[PDB]
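Two forms, one protein chain; structure tokens for each follow separately as structure 1 and structure 2.
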Structure 1
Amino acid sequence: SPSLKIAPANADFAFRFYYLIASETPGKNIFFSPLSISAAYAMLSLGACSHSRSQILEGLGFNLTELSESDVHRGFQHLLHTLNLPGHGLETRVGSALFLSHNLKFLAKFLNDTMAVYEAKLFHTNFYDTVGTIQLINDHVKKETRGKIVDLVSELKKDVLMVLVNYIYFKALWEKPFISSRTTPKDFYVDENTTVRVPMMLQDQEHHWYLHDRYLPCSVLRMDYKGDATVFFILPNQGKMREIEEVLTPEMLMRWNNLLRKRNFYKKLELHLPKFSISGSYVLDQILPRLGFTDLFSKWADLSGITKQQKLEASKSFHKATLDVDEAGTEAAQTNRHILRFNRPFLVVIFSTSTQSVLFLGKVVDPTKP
């Protein structure tokens, strides 16, 4: 398979991006889509030339002696094609867009290659009209995510001459949904200092795929969507968040996935899981240098495949993604001796089974925060 060749690299980047955001901002909500970030910078590398192209692909976790550049783009084409398939009420549409300054011509080679493989959306704007470009960029991302991601870019300089945005429209239905009449406000303990009131869903009729980890200090719940998608909710033991984050590798995800396919762990459960929405918005041009993209955001960057007329330094890149846990899914005679209350911080890993890739990755510290 082409898409199976790029999956190890993309998984590596996901948890590398997580560990950085978790380290630099410890007590805060995290939520992003490694795949939309990977796909967009893989798309952007079609415009980079010689050395600066290698640094992008190597930053994304690819081994350029193992894989060719052709293997990466064919990998992403077969990955995106699989995720765009009709689905069982399941939508995972990865997308990206570049807004280049007017008075800079896109090269035809770039326009063709980006659109033919990644279906990227390329635009001209006048960055001196700062209120205009922000309106133009945000409405495009709003239109493409169908309202779900709004106000992506809050501010921009006038010297800026290119902005990259990446997003993912996500709609999914639970295999086993919750009944909304049984959902009531209950306590959520963010830490030993403070407590918050959140709507808490309840389900004690179904069996679930869940385990209590022998080796690590956490419980892992696996809740399927309808279609080829799944959510891993990892609930660490009290005070042991950063201990689980310390070991949150791609090898660890595949351990929990393989363990939760065994019928041994398919047992009855009184599940209490909150009904909430969090968002994570990330200024990628400031974050990605620390993951080994220092060349792309500098004077020595070579993006002459995008345009020859000017040097393309001082370029911004933004990404936003929202987690929606609802009774249905994302949109708005049973006795249990086993329970799981998600009433303190937990990790979230939305995982595509058809493409073996992490669609979303994040942490829920306070579910109420606007």
Structure 2
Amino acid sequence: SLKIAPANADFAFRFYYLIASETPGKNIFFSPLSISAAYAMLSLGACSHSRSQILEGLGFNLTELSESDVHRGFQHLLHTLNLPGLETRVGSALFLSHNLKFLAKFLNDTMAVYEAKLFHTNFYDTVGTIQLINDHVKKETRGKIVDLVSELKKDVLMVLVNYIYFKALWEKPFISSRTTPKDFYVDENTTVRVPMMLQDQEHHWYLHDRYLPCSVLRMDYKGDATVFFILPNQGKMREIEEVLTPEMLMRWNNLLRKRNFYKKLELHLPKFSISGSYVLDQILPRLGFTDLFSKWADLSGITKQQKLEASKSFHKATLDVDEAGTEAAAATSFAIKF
């Protein structure tokens, strides 16, 4: 899965930067991997220019990587994440119209590469179909992602979905009796109260950046995951966002591989929850996906029976941080109409 890692990280930070620039001063939370895997899966049903353009919008350099390299990369990535103090589950599904004749190759590819489950539903029953899809996503995300599909047009013949569920224990957990309410300074004028967790007996991996107005803490989970908490100096969030790239993440990661930066730390971190909710059909045209959301999209790898077009695409995500660990969940939908 390492061949696709550069493109996936590129897409992650492109998406972040667009949200942060278009809606400043707002909580942001999404799973870039869920979006990438959903759209890569969708691309199995796209033909000709539309296929290449989806993969390009996802950051793939198709002079360096074959389409096979991308899909097999995702297959290995997803298999690895699903393997047995860390729960990660990633899955996919297609909700297929009972009426329409789907191309077996497309169906076969989504099952082989993305482990997709195939479900049949009656899209004449909009209310029932929305409940069926949203209940599946809710179940798979242990209740975290509710109402993924918030709208569903009458002429829809397929909805693609994927989800990610992540629950992981801290290597260095907090003692919950030390958690007390503290001030959190949202901006110059605005202060809220939050439960603030405290640990001060442990060594942690952290640095105060000599080149940028921020500090960086990396906390390990039990299992093969970590989290970087990046703390801009007061009022300097936008300056850090301007340089928030895959290359900057790898700079910080590499600095924090030297035990010079493993030191005793007094850490105050809030216990909190945030979420994100995005309309991808409204956002993604500005990240390379104009073709896919246009009248010109060639989705004729899904069926030859009707001329298909993109309909709504949603992403929702939640983050829950407490003394024991982190829980994060997300899901992405993509509806196809005729």
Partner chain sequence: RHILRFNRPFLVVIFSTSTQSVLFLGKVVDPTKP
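In this text, the rigid core denotes the largest set of C-alpha atoms whose superposition between the two forms falls within 1.5 Å. All residue numbers here follow the sequence of structure 1, with the first residue given the number 1.
The form deposited without its partner chain is structure 1, not structure 2.
Looking at CA displacements between the two structures with the core superposed, a shift of 2 Å or more is confined, among 114, 101, 203, 230, to 101. Taking the rigid core as fixed, one finds a CA shift for residue 132 of 2 Å or more between the two structures. After superposition on the rigid core, the Cα of residue 192 moves by less than 2 Å between the two structures. After superposing the rigid core, the Cα of residue 283 is displaced by less than 2 Å between the two structures.
Core-based alignment between the two structures gives a C-alpha movement of 2.5 Å at residue 309.
Core-based alignment between the two structures gives a C-alpha movement of 0.7 Å at residue 77.
Superposed on the rigid core, the forms differ at residue 161: its CA is offset by 4.9 Å between the two structures.
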